[PDB]
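Chemist: First portion of the complex, with coordinates as positioned in the assembly:
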Amino acid sequence: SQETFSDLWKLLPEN
């Protein structure tokens, strides 16, 4: 249910 930074942040391809 929660997104916030996580929503976009996650996008950041660590690789």
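Modeler: Received, thanks. Residues are numbered from 1 along each chain as shown, chains lettered A, B, ... in the order given.
Chemist: Next, the contact list for the spatially most central residue of chain A, please.
Modeler: Closest residue to the average C-alpha location of chain A: residue A:10 at 2.3 Å, with CA atoms, centre = their mean. With contact set as CB atoms under 8 Å, 6 or more residues apart in numbering, residue A:10 has no partners. Every residue, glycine included, has its C-beta placed from N, CA and C.
Chemist: Using the three-state scheme, assign it.
Modeler: Under DSSP: H, G, I helix; E, B strand; the rest coil, residue A:10 falls in the helix class.
Chemist: which SSE is residue A:6 in?
Modeler: Taking DSSP states H and E as the definition, residue A:6 sits inside helix A:4-11.
Chemist: and what of residue A:13?
Modeler: Using DSSP H and E, no helix or strand contains residue A:13.
Chemist: Chain B follows; place it on the structure:
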Amino acid sequence: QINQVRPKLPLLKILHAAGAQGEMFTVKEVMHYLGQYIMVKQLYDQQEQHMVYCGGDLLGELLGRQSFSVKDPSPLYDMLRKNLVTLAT
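Modeler: Time to bring in chain B:
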């Protein structure tokens, strides 16, 4: 590519204040701390999370800019280059 990293002095406190602890972390662990750190210190446009506001905080100095996009890993990597102490050449 994500390799292991080691948060120095001014780099450890960063992750620590974000809920981190130790002296070893990977690219995934660091990236996860970065976002949490910014949100914890409140350095971004509440209207646009994808728009971070380094202003003049730790991250701001390390990068040397005013703001950077989260959805755009451009300046993030550029800074980490010499910021994120990685191993394995």
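Chemist: The helix holding residue A:6: which residues count as buried?
Modeler: Neighbour-count burial for helix A:4-11 flags A:5, A:8, A:9 (criterion: 16 or more other CB atoms under 10 Å in any protein chain shown).
Chemist: Close to chain B as well: tell me which of those residues qualify.
Modeler: A:5, A:8, A:9 (CB under 8 Å from any CB of the partner chain).
Chemist: My guess is the first one contacts residue B:38. True?
Modeler: Meaning residue A:5. Yes: between residue A:5 and residue B:38 there is a contact under CB atoms under 8 Å: 7.4 Å.
Chemist: Quick check: residues of chain A near chain B?
Modeler: Residues of chain A lying near chain B by CB under 8 Å from any CB: A:4, A:5, A:6, A:7, A:8, A:9, A:11, A:12, A:13, A:14, A:15.
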